[PDB]
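Single chain ahead, by itself, as structure tokens, in the form deposited in one PDB entry.
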């Protein structure tokens, strides 16, 4: 009968909508995870950069000292 077919069809449409929403949800969650990993990696990079800043500071101090010494040695000559 056409009635049962129409009923089944309506149910199928409902199922399509629900599935579509599920598809969006899951993809969104994938984006969430990837975002999280990206954040972690970026933070590691932050740490690395900060350490590099420390080392660079030390090297700059050393270079200043060397500049003073060279300055004096040039004063001598």
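Residue numbers count along the first chain shown, from 1. Superpose the two forms; the largest set of C-alphas matching within 1.5 Å is the rigid core.
Asker: Where does residue 60 sit by CA temperature factor within its chain: lowest, middle or highest third?
Answerer: Lowest third of the chain for residue 60's C-alpha B-factor.
Asker: Considering every modelled residue of the chain and its Cα B-factor in the PDB entry, is residue 20 in the lowest, middle or highest third?
Answerer: As the PDB entry reports it, the C-alpha B-factor of residue 20 lands in the highest third of its chain.
Asker: In terms of the chain's CA B-factor thirds, is residue 7 lowest, middle or highest?
Answerer: Lowest third, going by the recorded CA B-factors of the chain.
Beyond the structure shown, there is the form deposited in another entry, which is absent from this document and is the topic of what follows.
Asker: With both forms fit on the core, has residue 10 moved 2 Å or more by CA between this form and the one not shown?
Answerer: Yes.
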